[PDB]
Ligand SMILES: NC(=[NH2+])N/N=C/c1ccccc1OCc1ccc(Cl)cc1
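Taking the form deposited without the named molecule, here's one chain by itself in structure tokens.
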């Protein structure tokens, strides 16, 4: 195997490193996987399709302009280069290799397109028409953005967009399911908590956070239990950043944020899908859980879950490992059909006050076709009133003792509107048996005499009842 000759490939430290602080992408390339035959679409502000490092892989069938309602996602050029982000992300996935220009994509033989959707008013319909673009041609969608990362917003896909997610994972990709890769957010400095973003909090999105070059949680990171895994991105000014294609046929070394991590994950997922085109959307999440690596990622919340995997709310299961992903994909056995066990828990509304604990022992739909002994995602769908929402912290403890933070205190969130059946999601109990006692904790983290009521707590379990590995 001959590594890329591109002039900035040596600067793509998160691919080209020899110090073990990388995504182990060369190992996948050397196994023969480069993204050939895979189609990825960047949902963003457009894609410079004539970029000298993108044109060779550009796919009009992976592209659309839902802002101006036309097929051509060319960015709108402005003096401040506002609409450059999709071009940066496209190059992360699929910049052409060995062509003397900039660097390379993770999946440098994949086909790449973009949906121009962010350069205009983003409505439910705009979102739905983007997520649902050409779903039997595009394999993987990469989305780096969502509701405002101001640390006070609770929002997610409205009806058309949620319908697009279910159509995508159900009928997309020939019934194997569209793979939606999401950035978990850039709201770290606002103390944002990313389960309050319904896109990344969705089970249908494969959510990705960031690590700095030196292995730390970047200033912009949001912690939450819905995150699955991590890719490298930017950090402080002594740490390198992401090197990629840039608007106006240029090359940048200063692409940043969690919004730069999702495209790298989408590229690794493209290599993995080349290794096994039959992988379902759930198979892909299983591969990520099993192969991601905590080592050398620094966080104070690494915890071992009930099946012996380390998990963090900053990193999920750790750094993506492309070599391991493609290796495990090759002989992967398709997971059983997804079961869903609904457990409505409260017999009466519960005053929250300073602190509320709700304990419930469940059988996880024992005796039913939705009996789950092998958890995938779990949700606590909560309906509650509270006078100041951001003073709440919420935790969910599984029978195996895994404490998932569902909501951390958000100091800027002054809302008196509470949560209306908000489906806080955790990935941290993946592969655990969910039978037994679950504990919900709701706490007022402020000294204020805050008040409210929990009126609904629905525990929703997803998963299967066969095929477990030894912990």
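Positions refer to the first chain, counted from 1.
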Residue stretch of maximal mean CA temperature factor, 98 to 106 vs 123 to 131: 98 to 106
307 to 315 set against 350 to 358, stretch whose average Cα temperature factor tops the other in the entry: 350 to 358
Member of 423, 55, 408, 43 with the greatest C-alpha B factor (per the PDB record): 55
From 287, 265, 275, 217, residue of greatest CA B-factor: 275
Residue 166 by Cα B-factor - lowest, middle or highest third of the modelled chain: middle
Chain thirds of CA B-factor: placement of residue 187: middle
Record-listed C-alpha B factor of residue 435: chain third: middle
For residue 368, the third of its chain into which the C-alpha B factor falls: highest
Residue 235, C-alpha B-factor rank within chain (lowest, middle or highest third): lowest
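The form solved in complex with the named molecule is left out here; the points below concern that form.
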Result of superposing the named molecule in the entry with it bound onto shown chain, 2.4 Å backbone or C-beta criterion: open
Listed residue (178, 312, 259, 285) with a non-hydrogen atom within 4.5 angstroms of the named molecule in the entry with it bound: 259
Of 374, 173, 111, 85, the one that lies within 4.5 Å of the named molecule in the entry with it bound (heavy atoms): 85
is_contact(residue 141, the named molecule) in the entry with it bound, heavy atom dist at most 4.5 Å: no
Heavy atom of residue 147 within 4.5 Å of the named molecule in the entry with it bound: yes
Residue 291, heavy atom within 4.5 angstroms of the named molecule in the entry with it bound: no
Exercise: residue 386 in contact with the named molecule in the entry with it bound, heavy atom 4.5 Å: no
Interface stretch in the entry with it bound with the named molecule - options 347 to 355, 299 to 307, 314 to 322, 218 to 226, non-hydrogen atom within 4.5 Å: 218 to 226
Sequence-ordered list of residues in 180 to 203 near the named molecule in the entry with it bound, where near means a heavy atom within 4.5 Å: 183, 185, 186, 197
